[PDB]
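Have a look at the structure below before the remarks.
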Amino acid sequence: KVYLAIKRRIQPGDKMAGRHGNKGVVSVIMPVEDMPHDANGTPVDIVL
Amino acid sequence: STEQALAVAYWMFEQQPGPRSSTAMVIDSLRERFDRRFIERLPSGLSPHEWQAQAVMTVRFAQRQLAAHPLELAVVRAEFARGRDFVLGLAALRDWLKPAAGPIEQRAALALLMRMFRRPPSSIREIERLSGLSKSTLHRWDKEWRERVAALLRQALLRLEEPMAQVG
Amino acid sequence: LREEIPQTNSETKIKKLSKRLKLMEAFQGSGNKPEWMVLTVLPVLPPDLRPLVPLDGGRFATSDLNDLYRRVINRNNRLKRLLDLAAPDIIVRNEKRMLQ
Amino acid sequence: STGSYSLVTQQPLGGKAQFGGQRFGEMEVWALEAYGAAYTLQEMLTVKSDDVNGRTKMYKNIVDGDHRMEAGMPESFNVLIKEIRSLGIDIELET
Amino acid sequence: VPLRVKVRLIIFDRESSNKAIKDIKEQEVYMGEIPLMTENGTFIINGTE
Amino acid sequence: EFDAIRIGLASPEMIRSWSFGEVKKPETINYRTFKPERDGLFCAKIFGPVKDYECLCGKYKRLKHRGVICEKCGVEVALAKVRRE
Amino acid sequence: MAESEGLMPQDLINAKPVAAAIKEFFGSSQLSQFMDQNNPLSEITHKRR
Amino acid sequence: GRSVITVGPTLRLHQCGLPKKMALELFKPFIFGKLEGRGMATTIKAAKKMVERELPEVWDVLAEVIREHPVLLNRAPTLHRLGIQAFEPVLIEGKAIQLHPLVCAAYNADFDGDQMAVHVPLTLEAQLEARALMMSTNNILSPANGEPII
Amino acid sequence: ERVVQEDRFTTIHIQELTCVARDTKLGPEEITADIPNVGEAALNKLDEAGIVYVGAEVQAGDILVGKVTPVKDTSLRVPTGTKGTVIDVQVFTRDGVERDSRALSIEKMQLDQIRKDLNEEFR
DNA sequence: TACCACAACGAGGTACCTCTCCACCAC
DNA sequence: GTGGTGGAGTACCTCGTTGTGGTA
RNA sequence: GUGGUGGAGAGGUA
Ligand SMILES: [Mg+2]
């Protein structure tokens with residue numbers, strides 16, 4: 001018997017869910033610029 | 001093999017059914033895995049639908065390659081392919097070998113070509129009975145047609161041998 | 001049944017007689033013979049539709065229909081071979097019952 | 001696209017593991033007949049599944065670029081016919 | 001984990017008392033094997049937890 | 001084509017008309033000998049060929065006669081799918 | 001029917017049924033099932049179920 | 001085939017997204033036919049060779065056959081004919097099925113992990129039935145009541 | 001794109017594939033590297049014992065185990081859609097059957113590890 | 001004799017995914 | 001391996017018909 | 001001129 005290792009990168013379609021029963025399927029992965037950014041320049045990662 | 005490939009393509013076009021997947025015959029072949037001199041080890045070729053599609057691709061490629069010689073393509077269709085393809089090949093062979101043959105003569109020529117193509121009637125006597133022509137004339141026409149068809153088919157096969165190997 | 005149906009005006013009996021007439025009329029018009037109801041012979045399913053499949057390691061998996069067929073054939077062979085020697089009547093009727 | 005089928009009924013197996021095809025459940029066929037679309041229903045019922053002599057030939061047609069789809073006769077129904085006949089019930093078609 | 005028990009075969013002559021005292025005592029055979037649930041609350045069967 | 005599917009009772013006469021044999025052996029294919037048994041649940045005398053266009057002893061391996069029944073190989077050589085009908 | 005001299009306690013008992021029952025219970029019971037391990041909370045709640 | 005849904009807001013109503021691999025798997029006989037026709041396929045073994053290696057050539061013919069071929073879509077619980085609808089697929093890079101947000105109400109399909117089953121009609125008859133009768137544009141009002149459902 | 005760039009949600013997946021040595025009544029099977037009708041590059045991926053070298057990236061369809069039937073090949077290939085890195089191989093042999101060089105080597109480093117651990121504990 | 005309690009048959013949602021596990025005996 | 005095969009452990013829905021032996 | 005899946009059990013998704 002043999003074993004294999006797979007690095008599953010998260011991609012659109014994968015189901016993501018928080019802790020309060022808030023499920024979700026990742027729709028797209030848009031680049032960092034398109035994310036809404038704070039006046040300080042800090043962008044968010046997730047747009048619920 | 002090019003000749004084997006052509007034969008298989010014609011056979012798959014004719015026996016298009018593809019057959020139902022078999023049954024506890026599989027168990028026998030599985031009890032042949034054990035058994036011993038079964039010597040029936042599945043060669044593991046292409047899939048049934050895959051093989052049928054392969055035959056179709058081969059037929060299309062042959063039609064494309066032999067397009068420049070309509071008579072050669074018709075002769076190949078008459079010799080190998082069946083159904084409407086065989087009908088078209090026989091019609092073209094009749095129009096070529098016996099262009100101005102009368103309707104009775106055209107029917108006799110079609111019957112002789114069918115007899116050459118292992119199709120009914122299978123006897124020269126039956127051909128004369130259904131046509132009314134002398135046995136000598138029928139024999140002479142058949143001898144000439146067989147030689148002409150063999151030569152044309154050899155020409156087409158020679159033309160395709162390099163193309164078939166280029167297709168594998 | 002047709003003669004008797006109107007003789008009695010009671011509802012239940014006339015209902016039963018109506019059902020009898022319906023069955024008899026269906027049989028007569030259908031050309032069906034009631035004696036065929038109790039079968040003397042029965043058909044067998046074609047093998048492909050009741051296949052047994054073996055698995056890796058010499059395991060075989062057989063359909064239920066195959067087991068049922070084996071059982072009934074076994075019991076029929078039992079009947080014939082005990083019958084030709086005129087088995088005791090209790091034993092023969094018992095075997096008839098298990099075959100049924 | 002195509003693959004092995006069950007030996008009893010020549011229908012795709014049902015597992016992603018078995019490279020199977022989804023089952024057009026009885027509700028799906030109801031939804032299809034709610035539309036006037038019947039040619040597609042007959043296609044998916046007969047030639048896309050359960051037609052030994054139809055699948056091969058429509059493969060031929062598709063690779064030839066034709067979409068003609070000779071109808072055929074599902075083997076699952078003939079299986080039902082065979083088992084009903086084995087139930088001692090006479091079954092036949094009036095031709 | 002294996003398991004064995006101690007048993008005694010006590011025959012009698014059916015004289016309504018201590019008759020034919022033949023007490024054959026010996027440790028029994030390995031009566032199966034208990035799966036010995038793991039320290040983490042589970043146990044393994046054929047390599048499967 | 002066809003039409004007007006029918007329902008009827010089985011007449012033992014027309015049952016025998018349907019039947020291609022009278023199975024007498026409850027046992028089926030031999031595991032030890034990879035073959036079905038005469039009068040078994042899968043007997044070729046009754047149901048048809050295991051592999052398409054073959055006879056029991058392989059006397060007629062040829063595909064030319066698709067309907068003949070060989071002498072030693074009594075079960076008629078024919079198409080393999082016939083095991084379903 | 002076996003005499004006290006005729007037999008020994010170890011040969012008297014066949015332990016196959018006990019081992020067979022233990023095995024089928026531990027490998028086939030509705031309650032016995034592959035412990036999920038996708039997340040350490042999953043094992044804890046599975047054992048606490 | 002089937003996969004999970006993903007909202008495509010850049011999708012026109014008549015069109016839907018489609019993963020590349022599902023497209024090439026489903027339309028495989030069409031790819032074979034086109035490849036043999038245009039000439040980069042002479043034997044089918046070579047055609048299988050290119051489709052398995054996915055040369056840039058195969059994407060062109062794949063897009064061509066997809067171009068005007070309607071595709072058939074349905075969710076798991078189909079409670080009315082709007083539960084199964086036809087679309088004109090659009091190739092996308094991914095493994096999820098992009099769906100038009102307006103049509104989710106008809107499918108009653110949220111993007112909380114719903115899987116969406118796909119089918120393709122083969123005959124010209126079936127494709128015309130899809131485009132003229134089952135296209136998402138065709139069915140706007142509910143069959144239960146004239147109220148719009150998109 | 002940060003999360004995929006930062007791999008905040010990337011995960012590791014381990015699945016196993018197993019092969020056994022059967023004893024066809026036709027003739028018993030063996031685990032050999034000499035396989036017919038195979039491209040040499042696939043053999044180069046494999047070892048002389050018929051097993052993939054540990055730590056080899058494997059695309060889909062690549063042969064993994066060297067198995068021979070009569071004399072066809074029952075060699076194992078990774079299923080399509082599966083592509084990763086082989087991290088471990090295990091081999092087990094029935095009593096009365098020889099231990100392959102792979103198993104010999106494996107037992108070798110295991111014995112070395114045990115010896116070193118106990119020697120350090122003594123130390 | 002027409003109600004009537006009582007017993008038996010017969011139905012009870014789609015689709016998909018993952019795992020394990022499969023008749024006994026027995027000269 | 002190749003013939004050969006019978007019961008102590010189990011009973012824990014919920015209507016809705018449909019047919020039946022009992023009483024007014 | 002040839003192409004390879006039953007049933008049970010458990011869990012899960014919508
Ligand atoms: Mg949802």
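In the structure tokens, chains take letters A, B, ... by order of appearance, with residues numbered from 1 within each chain and ligands from 1 in the order shown.
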| task | Using only C-alpha atoms (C1' of nucleotides), find which residues of chain L lie within 12 Å of chain G and jot them down as an MDAnalysis selection string. | result | chainID L and resid 8:12
| message | Hey, which residues sit close to ligand 1? Say within 10 Å, counting only C-alpha atoms (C1' of nucleotides) and all ligand atoms, and write them as number ranges by chain. | response | A: 23-24; H: 5, 108-115; L: 13-14
| query | How many Å separate atom CA of residue E:19 from atom CA of residue E:4? | reply |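 Spanning atom CA of residue E:19 to atom CA of residue E:4 is a straight-line distance of 29.4 Å.
Among the residues of chain A, backbone DSSP assigns strand (DSSP E or B) to residues 2, 3, 4, 5, 6, 7, 8, 15, 25, 37 and 43 of chain A.
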| message | So the first atom is atom CA of residue B:69 and the second is atom CA of residue B:100; what is the distance between them in Å, to one decimal place? | response |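 Computed distance, atom CA of residue B:69 to atom CA of residue B:100, equals 21.3 Å.
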| request: Compile the contact shell of stretch 64-69 of chain I as a PyMOL selection string: residues with an atom at most 10 Å away, counting only C-alpha atoms (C1' of nucleotides), same-chain residues fewer than 2 positions apart removed. | output: (chain A and resi 1-2) or (chain B and resi 33+41) or (chain I and resi 17-24+26-36+42-43+45-53+58+61-62+71-78+86)
Using only C-alpha atoms (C1' of nucleotides), which residues sit within 12 Å of residue J:12 once same-chain residues fewer than 6 positions away are excluded, as a PDB file with N, CA, C and O atoms (P, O5', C5', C4', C3', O3' and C1' of nucleotides), in the first residue's frame?
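result02.pdb was written with the following content:
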ATOM      1  P    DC K  13     -44.068  -0.270  15.786  1.00  0.00           P
ATOM      2  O5'  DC K  13     -44.469   1.194  15.291  1.00  0.00           O
ATOM      3  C5'  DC K  13     -45.417   1.950  16.022  1.00  0.00           C
ATOM      4  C4'  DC K  13     -45.336   3.415  15.646  1.00  0.00           C
ATOM      5  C3'  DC K  13     -46.676   4.089  15.444  1.00  0.00           C
ATOM      6  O3'  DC K  13     -46.538   5.485  15.622  1.00  0.00           O
ATOM      7  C1'  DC K  13     -45.590   3.913  13.370  1.00  0.00           C
ATOM      8  P    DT K  14     -47.834   6.400  15.862  1.00  0.00           P
ATOM      9  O5'  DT K  14     -47.716   7.531  14.739  1.00  0.00           O
ATOM     10  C5'  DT K  14     -47.447   7.166  13.394  1.00  0.00           C
ATOM     11  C4'  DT K  14     -48.574   7.605  12.482  1.00  0.00           C
ATOM     12  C3'  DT K  14     -49.969   7.345  13.025  1.00  0.00           C
ATOM     13  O3'  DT K  14     -50.865   8.316  12.523  1.00  0.00           O
ATOM     14  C1'  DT K  14     -49.661   6.076  11.081  1.00  0.00           C
ATOM     15  P    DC K  15     -52.369   8.382  13.077  1.00  0.00           P
ATOM     16  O5'  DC K  15     -53.136   7.270  12.225  1.00  0.00           O
ATOM     17  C5'  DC K  15     -54.324   7.603  11.537  1.00  0.00           C
ATOM     18  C4'  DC K  15     -54.015   8.170  10.165  1.00  0.00           C
ATOM     19  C3'  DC K  15     -55.148   8.040   9.169  1.00  0.00           C
ATOM     20  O3'  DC K  15     -55.046   9.038   8.177  1.00  0.00           O
ATOM     21  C1'  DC K  15     -53.384   6.584   8.554  1.00  0.00           C
ATOM     22  P    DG K  16     -56.366   9.526   7.404  1.00  0.00           P
ATOM     23  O5'  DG K  16     -56.666   8.343   6.375  1.00  0.00           O
ATOM     24  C5'  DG K  16     -55.677   7.964   5.433  1.00  0.00           C
ATOM     25  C4'  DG K  16     -56.216   6.924   4.474  1.00  0.00           C
ATOM     26  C3'  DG K  16     -57.717   6.702   4.538  1.00  0.00           C
ATOM     27  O3'  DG K  16     -58.177   6.353   3.255  1.00  0.00           O
ATOM     28  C1'  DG K  16     -56.640   4.698   5.039  1.00  0.00           C
TER      29       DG K  16
END
Might you pull out every residue within 9 Å of residue B:65, with only C-alpha atoms (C1' of nucleotides) counted and same-chain residues fewer than 6 positions away left off, and present them as a PDB file with C-alpha atoms, in the first residue's frame?
ATOM      1  CA  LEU B  73     -13.677   5.156 -53.226  1.00  0.00           C
ATOM      2  CA  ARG B 159      -2.593   5.162 -52.445  1.00  0.00           C
ATOM      3  CA  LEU B 160      -3.863   4.705 -48.885  1.00  0.00           C
ATOM      4  CA  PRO B 163      -1.684   7.579 -45.665  1.00  0.00           C
TER       5      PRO B 163
END
Taking 4 positions as the minimum chain separation for residues in the same chain, which residues sit within 10 Å of residue B:66 when counting only C-alpha atoms (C1' of nucleotides)? Answer as a short mmCIF file (atom, residue, chain, number, x, y, z; two decimals) with N, CA, C and O atoms, in the first residue's frame.
data_model
loop_
_atom_site.label_atom_id
_atom_site.label_comp_id
_atom_site.auth_asym_id
_atom_site.auth_seq_id
_atom_site.Cartn_x
_atom_site.Cartn_y
_atom_site.Cartn_z
N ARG B 60 -14.26 8.22 -42.08
CA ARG B 60 -14.25 9.60 -42.55
C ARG B 60 -12.90 9.96 -43.17
O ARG B 60 -12.84 10.61 -44.22
N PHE B 61 -11.81 9.54 -42.54
CA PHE B 61 -10.48 9.82 -43.07
C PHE B 61 -10.25 9.12 -44.40
O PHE B 61 -9.63 9.68 -45.30
N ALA B 62 -10.74 7.88 -44.53
CA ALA B 62 -10.62 7.18 -45.80
C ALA B 62 -11.42 7.88 -46.89
O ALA B 62 -10.95 8.00 -48.03
N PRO B 70 -13.05 9.18 -57.12
CA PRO B 70 -14.40 8.71 -56.77
C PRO B 70 -14.64 7.25 -57.14
O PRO B 70 -15.32 6.54 -56.39
N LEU B 71 -14.10 6.80 -58.27
CA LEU B 71 -14.26 5.40 -58.64
C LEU B 71 -13.58 4.47 -57.65
O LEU B 71 -14.15 3.43 -57.28
N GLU B 72 -12.37 4.82 -57.21
CA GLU B 72 -11.67 3.99 -56.24
C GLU B 72 -12.41 3.95 -54.91
O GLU B 72 -12.53 2.90 -54.28
N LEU B 73 -12.91 5.11 -54.47
CA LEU B 73 -13.68 5.16 -53.23
C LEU B 73 -14.95 4.33 -53.33
O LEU B 73 -15.32 3.62 -52.39
N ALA B 74 -15.63 4.40 -54.48
CA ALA B 74 -16.83 3.60 -54.68
C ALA B 74 -16.51 2.11 -54.68
O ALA B 74 -17.27 1.30 -54.13
N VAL B 76 -14.01 0.68 -53.11
CA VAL B 76 -13.73 0.32 -51.72
C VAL B 76 -15.03 0.18 -50.93
O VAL B 76 -15.19 -0.75 -50.13
N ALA B 156 -6.22 1.96 -55.15
CA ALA B 156 -6.68 2.72 -53.99
C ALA B 156 -5.93 2.31 -52.73
O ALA B 156 -5.55 3.15 -51.91
N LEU B 157 -5.73 1.00 -52.54
CA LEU B 157 -5.02 0.52 -51.36
C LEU B 157 -3.57 0.98 -51.36
O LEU B 157 -3.02 1.32 -50.31
N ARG B 159 -2.53 3.74 -52.77
CA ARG B 159 -2.59 5.16 -52.44
C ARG B 159 -2.78 5.38 -50.95
O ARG B 159 -2.22 6.33 -50.39
N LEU B 160 -3.55 4.52 -50.29
CA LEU B 160 -3.86 4.71 -48.88
C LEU B 160 -2.81 4.12 -47.95
O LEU B 160 -2.76 4.52 -46.78
#
Give me, as a Markdown table, each residue of chain L that comes within 12 Å of chain B, together with its shortest interatomic pair and the distance in Å at one decimal, counting only C-alpha atoms (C1' of nucleotides), with rows ordered by chain and rising residue number.
| residue | atom | partner | partner_atom | distance |
| --- | --- | --- | --- | --- |
| L:1 | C1' | B:8 | CA | 6.2 |
| L:2 | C1' | B:45 | CA | 7.5 |
| L:3 | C1' | B:47 | CA | 5.4 |
| L:4 | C1' | B:26 | CA | 8.5 |
| L:5 | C1' | B:23 | CA | 11.3 |
Dump of N, CA and C atoms (P, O5', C5', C4', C3', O3' and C1' of nucleotides) for the selected residues, as a PDB file, in the first residue's frame:
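New file out_38.pdb:
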ATOM      1  P     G L   1     -14.248  -9.254 -39.449  1.00  0.00           P
ATOM      2  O5'   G L   1     -14.946  -8.608 -38.171  1.00  0.00           O
ATOM      3  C5'   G L   1     -15.612  -9.429 -37.192  1.00  0.00           C
ATOM      4  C4'   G L   1     -14.751  -9.604 -35.961  1.00  0.00           C
ATOM      5  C3'   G L   1     -14.686  -8.410 -35.015  1.00  0.00           C
ATOM      6  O3'   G L   1     -14.566  -8.838 -33.665  1.00  0.00           O
ATOM      7  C1'   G L   1     -12.528  -8.854 -35.881  1.00  0.00           C
ATOM      8  P     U L   2     -15.611  -8.324 -32.569  1.00  0.00           P
ATOM      9  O5'   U L   2     -15.018  -8.908 -31.212  1.00  0.00           O
ATOM     10  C5'   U L   2     -15.851  -9.071 -30.049  1.00  0.00           C
ATOM     11  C4'   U L   2     -15.132  -8.557 -28.826  1.00  0.00           C
ATOM     12  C3'   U L   2     -15.372  -7.090 -28.503  1.00  0.00           C
ATOM     13  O3'   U L   2     -16.524  -6.911 -27.689  1.00  0.00           O
ATOM     14  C1'   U L   2     -13.042  -7.543 -28.480  1.00  0.00           C
ATOM     15  P     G L   3     -17.318  -5.526 -27.732  1.00  0.00           P
ATOM     16  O5'   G L   3     -16.899  -4.834 -26.360  1.00  0.00           O
ATOM     17  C5'   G L   3     -17.476  -5.271 -25.118  1.00  0.00           C
ATOM     18  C4'   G L   3     -16.483  -5.130 -23.989  1.00  0.00           C
ATOM     19  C3'   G L   3     -16.441  -3.759 -23.312  1.00  0.00           C
ATOM     20  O3'   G L   3     -16.282  -3.846 -21.894  1.00  0.00           O
ATOM     21  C1'   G L   3     -14.286  -4.350 -24.024  1.00  0.00           C
ATOM     22  P     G L   4     -17.077  -4.955 -21.035  1.00  0.00           P
ATOM     23  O5'   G L   4     -17.195  -4.286 -19.593  1.00  0.00           O
ATOM     24  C5'   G L   4     -18.156  -4.761 -18.630  1.00  0.00           C
ATOM     25  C4'   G L   4     -17.485  -5.050 -17.306  1.00  0.00           C
ATOM     26  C3'   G L   4     -17.484  -3.894 -16.306  1.00  0.00           C
ATOM     27  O3'   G L   4     -18.399  -4.144 -15.240  1.00  0.00           O
ATOM     28  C1'   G L   4     -15.249  -4.493 -16.905  1.00  0.00           C
ATOM     29  P     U L   5     -19.073  -2.915 -14.467  1.00  0.00           P
ATOM     30  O5'   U L   5     -20.278  -3.585 -13.669  1.00  0.00           O
ATOM     31  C5'   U L   5     -21.453  -2.813 -13.331  1.00  0.00           C
ATOM     32  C4'   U L   5     -22.215  -3.467 -12.204  1.00  0.00           C
ATOM     33  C3'   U L   5     -22.646  -2.541 -11.072  1.00  0.00           C
ATOM     34  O3'   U L   5     -23.809  -3.211 -10.554  1.00  0.00           O
ATOM     35  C1'   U L   5     -21.017  -4.011 -10.255  1.00  0.00           C
TER      36        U L   5
END
| request: With a distance cut-off of 12 Å and only C-alpha atoms (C1' of nucleotides), select the neighbouring residues of residue C:67, excluding the residue or stretch itself and same-chain residues fewer than 2 positions from it, and output the selection as an MDAnalysis selection string. | output: (chainID C and resid 50:52 61:65 69:74) or (chainID F and resid 26:28 41) or (chainID J and resid 23) or (chainID K and resid 5)
